[PDB]
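Scroll down for the structure; my scribbles are underneath it.
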């Protein structure tokens, strides 16, 4: 034994006598053996203040001796190029190492090697972090982290060994990692390395989804060059033979649902094994057992292979598992966004039965808002309950507001300067506000918005615009006029289905025309409005105050957002003038894309586009010439100039304030004002009908490694505009512009990929059937107009 | 009412037929807990009652609730079971 | 798109 | 942006004779930046060399002029396994898991065998077999006559290896071999049965420290050289580490008389005692110049760097003797010092004969 | 922009214990979030000197 | 970026930039005065001042980090009652005062104030800290009223009653709870539990 009269200290500096005592098990007066002293030492270490401790028996007095860890007095850097002194400083406080705390001296070489892996992720494998610790007069240390990051390492080959039915290139075609990028070009992934897991996953699926049921990735080695600048990658594989599916035998805790699972597993006998149909099945089961209360259904499938007839008998093991209940759903980190802002994206109902999906579905539904940097789930069993859980979503909040600027460069547009500012989550309420402007050759647009994405709990949005558009028609390749409009719309957005939406909203427009060079059509509209300005000059003005009911319906079941290979897109907009407007018209436009692949690999898609437009007046009035439908250039019928299809200007004789120098003029007094002049200036119509037929094929001269990056097609475009209120009789001499059987057809070849200057799209069309006064334009393009 | 997108609101406990037919009267709580799982609501105004409300409305109408109320007593033994498979 | 974008507002 | 170490600048050497270029022949595109073993090999005053794409030429050892014109493509061939020529066959390993043997005569394919991965290792011909060491461990041995796979010895590999899979030496009907984990292994040439396997390499930490992705046997001692690991002399019988030294390389060293001449991983040349490995001299004027494997030519050491500069070190002091820009393409694939001639392939396939 | 010398909390809705009916009991209070009555003559809001003390 | 002045010159400087209410400047003096003498005969006074300055300069993550560290090494200290108050303020200065964001802070602030009045009832800060708990309870109750509310709109009636149930358990005396009672009654009525509905109906009709 041994009895202690006092506890006495040597080496306490920062740690108060009181803090030492409140962590020693052995008290003043206690009876202690060398075992309870070894427990005290053991304990004072567990505090984290001390570097060495020793408790010693000194007669009647227990004596505690300490050397405290040195206080961090500065953290300089000196060497860090690729990581800023602030981003590292913050990451070090997250690891305990900060200024004013004490240095974990045995973790210095840990701190060093701890930072190497930050550098090995990007590929800086030549890197290095030393740490110079300099003692200072009063038990302080100066931590200086000397970096020497190196040449980032680039991947010089991705090889595949055993590939017999597919050239090593076709396979690599689909990997996020690339053995070569091109320039002068395709924006086509980098050339660095990390997390190759998930690229072997696509290699499995390429093989499994073609009936190679016995396919196996034997090994995947990952090499360096001695200089640690180059990186090689081999994935050695074994190709199965092709196996046809025989049947599916289901076996496990089906929770007595064999009735409904025995047809979810019914597969037409003969078709090849299909690694995704398998995981669909597996998911359909987990989605059925989930429909019936079970949170975590497991489902596995090990094919019974039979090399005799070359078939696979899929043995699916079901196991519905247990049933849990959600006591609460809780949110942590939503320090700005309202509780409701996250909770409304929950497909998991709180105070109801757990879904292993609806919790994951409600996480994908959360980061796709993009209000949060990270989104982690955590399902905790409620203490004192075998089947109650809390679902916690730990969010880290992202800076939502941003300034954006984008130059694109298209023909039928010129140079687009899209630019504006946006706040995606106004003070954390899901409300979006922003001021976007786009500036064309013909247009200067500038609108301010306020949107509620959940006006109604089910997803109905109420979005208000407030716009300003100055249109200069003679830059838009139309008859010369100037519309200077502005107004405001409120618009309900109804979500209907995963593929469908409705818009309906009211609108105000102030159209303020001026500088209208006289022509027949433009002027037939004007008598209708009760305005009779001058046939023989260009100094005019029309103020129009319109009130509109707008409505729209959009349907998108495209397989892929980028290069669609399957499914249709259908947008339908229409408006009408609510009684009390200066104008009185209804407008209805409708576009249509339809992709239809012809091969299994889906590199022979057939694109069928159609565009439709129609409107007219109601009270003996007409559709404003500015609400007209045009058809030419890239967006519509290629081979032809922008807007060049349909009716043309039949011009009055006049003079403008131009002061006729030495330029070309249309039906000017200055040059011989007879009566009316026919022109090849276009005005479009109140009745468009364009409809294309593109044949998307492989791109046949470029390396297979990235041939699927570029998309050639062969299009046959045709279109028609016409003027319905054209008096064909009164103007017997001038061409019949109420006749729509004037089908303008063209045929060309398209190319698009993604260059560094942005998304690209070329066309080259010779118009074979063009009619009287149609301006051709054979090579057209955009560089991501934005 | 229109045709908006309503995303299936489940509420409370899940009740099979081959589970309600398993609680006889005069069982412990711990026995009924194991029989059906813990309830989600349990009367918090001085009456050991257990509400198994099995509420389901999917996308647009067909709202479906079965109320299974199990009255206990001062001890902790089932004395009355109350079951209505619908609402009308 | 073109040019760039700042996310700090 | 910046490599972590200044490539030591061209040593400013007063030449003590005139390095000349007897002849020169371009073979296809070469190996390029693709790190390969593909060197030329010399048999019977005839020189065999190749390029990565699959072009294989045979030249006269005197005039450097072509003899036979065949290539191995349809699509490239990705040859990499240094040219080695024994019996009447030219052995070349292909990174498409193929090993060709061509007649030294016309140049027609004698046999072609599907091996168990990329055939990076210089094919070795011993007893009646051809030893391929592939990139997924497999130390396969193909029959010299027909190319049938006699046996396969799955050496296991780490997460992360370097590249040049070690070519085995052979003694008393056993094959000694490097491995990508630090462990030099010895097998039997009849069945490929493990005998011993000694770890040669020192580990560091929980980072990524590696060992060796070619040994030599003299008087029942085996020497080998891990990456970071160590230069050790091993008892041929047991494989018990007789002595170790804390040096490392990937460039097969050369043992002559009583010294070990060696080019390490920082390109600094040195000569040690065969005895305990105690050091003689050091020549660190070529640091980080990415030097090739060394060779002995007329009592001089002949290396080559990334900027197509041959060097000539004096074996007794470690001072330079000569220097020469031979080919600005760059050097990598090992030299050759056989039959009084000195060959070397610059990266773009050019085969120089050096003399004078 | 965060709080320097605010007083907004002083107008917070007071706590009045909920009177229970007869033949009924309110659920049983968790002793968590329960505030002891502290016969406090100390200042509130901007009136309290929140500067660190000293001696000697 | 202070030069190597005598320590008294740095205290007179810092303890002058401070009653002149320029914090970010009094910090740069103290912040560096601390790393000079991290222990001393009166280098606990330097640490309390450094926490005052951090608080008012709204350097909130450095107030907490410096208080936590201060408590950890001086849980005995005679002023420890004051540091708990400042921790209370700090956490309360990260909350809302319209209160329905992550209450990680109000909760954690309610803890430090409670520790203060439990362990130091006759502290000069106790009564001001009490009036804050009364705010911070209604705050925390109001968060649960808010989630109750989302679920009455969503029509998830179970989560409603369970959320109001727990509100009667944790925050019953709060004004936020009286307001939640008719949400509870409705959830019952919507689920045809007209038995339990009438139960809450009479808790309403007993109170305000």
Legend entry - Normalised per residue, the volume of the convex hull around the Cα set of chain F (Å³): 145
Inset, instruction - Quick one: pull the percentage of alpha-carbon pairs in the stretch A:323-399 with a separation above 15 Å. - result: 50
Legend entry - Residues of the stretch A:177-198 with amide N under 17 Å of a point placed 7 Å along Cα→Cβ from residue D:29: A:179-183
Legend entry - Inter-probe distance in nm under a simple model that places probes 7 Å from Cα toward Cβ, at residue A:283 and residue D:284: 5.9
Inset, instruction - With all distinct Cα pairs included, what does the Kirkwood hydrodynamic radius of the stretch A:243-322 come out to in Å, to one decimal, could you say? - result: 12.9
Inset, instruction - Let me know the shape class of the stretch A:552-653, please: from the alpha-carbon gyration tensor, a ≥ b ≥ c as square roots of the eigenvalues, rounded when a/c is under 1.5, otherwise prolate if a/b is greater than b/c, or oblate. - result: oblate
Inset, instruction - Quote the convex hull volume per residue of the stretch A:356-457, based on C-alpha atoms, as a whole number of Å³. - result: 154
Inset, instruction - Could I have the simple spin-label model distance between residue E:49 and residue F:208, label points 7 Å from Cα toward Cβ, reported in nm to one decimal? - result: 3.7
Inset, instruction - Give me the distance between the Cα centres of the stretch A:507-544 and the stretch A:151-229, rounded to whole Å. - result: 64
Legend entry - Cα pair distances exceeding 42 angstrom across the stretch A:400-786, given as percent: 16
Legend entry - Enclosed volume per residue, in Å³, of the convex hull spanned by Cα atoms of the stretch A:178-217: 94
Legend entry - Radius of gyration and maximum dimension Dmax of the stretch D:1-143, Cα, Å: 17.4, 51
Legend entry - Average projected area [Cα convex hull, the stretch A:400-463], square nanometres: 5.2
Inset, instruction - Please report, to two decimal places, log10 I(q)/I(0) for the protein assembly as shown at q = 0.04, 0.07, 0.09 Å⁻¹ as given by the Debye formula with identical point scatterers on the Cα atoms and no solvent. - result: -0.42, -1.21, -1.38
Legend entry - Alpha-carbon gyration tensor eigenvalues x 5, square-rooted, for the stretch A:152-242, Å: 25, 16, 10
Legend entry - log₁₀ of I(q)/I(0) at q = 0.23 Å⁻¹ - the stretch A:1-68, Debye sum with one point per alpha carbon: -0.97
Inset, instruction - Using the Kirkwood radius over Cα pairs, work out the Stokes-Einstein diffusion coefficient for chain E at 25 °C and 0.890 mPa s, in µm²/s as a whole number. - result: 152
Inset, instruction - Sorted from largest down, give the three principal axis spans of the alpha carbons of the stretch A:504-560, whole angstrom values. - result: 56, 25, 18
Legend entry - Alpha-carbon gyration tensor eigenvalues x 5, square-rooted, for the stretch F:121-183, Å: 29, 9, 8
Inset, instruction - Any chance you could check the Cα centroid distance between the stretch F:13-64 and the stretch D:101-177 for me, in angstrom? - result: 72
Legend entry - Shape call, the stretch A:659-704: gyration tensor on alpha carbons, a/c limit 1.5: oblate
Inset, instruction - Report the equivalent ellipsoid semi-axes for the stretch A:69-151 in whole Å, largest first, defined as the square roots of five times the eigenvalues of the gyration tensor built from alpha carbon atoms. - result: 23, 12, 11
Inset, instruction - May I have the pair-distance distribution P(r) for chain B, computed from all Cα-Cα distances with 10 Å bins from 0 and rounded to whole percent? - result: 16, 45, 25, 11, 4, 0
Inset, instruction - For the stretch A:581-654 and the stretch A:64-104, write down the distance between their C-alpha centroids in whole Å. - result: 65
Inset, instruction - Springs between alpha-carbon atoms under 10 Å, Gaussian network over chain B: tell me which of B:34, B:14, B:52 tops the mean-square fluctuations. - result: B:34
Inset, instruction - Treat chain D as a sphere of radius equal to its Kirkwood radius over Cα pairs and apply Stokes-Einstein at 37 °C in a medium of 0.692 mPa s; give the translational diffusion coefficient in µm²/s, rounded to a whole number. - result: 159
Legend entry - Calculated P(r) of the stretch F:81-163 - Cα pairs past 22 Å, %: 34
Inset, instruction - Treating the Cα atoms of chain A as identical point scatterers in vacuum, please give the log10 of the normalised Debye intensity I(q)/I(0) at q = 0.05, 0.08, 0.10 Å⁻¹, two decimals. - result: -0.46, -1.00, -1.30
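Quick note: the coordinates plus some simple rules give every number you see, no bench work behind them. Please note: Cβ atoms are built from the backbone with ideal geometry, for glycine as well, and neighbour counts cover all protein chains shown.
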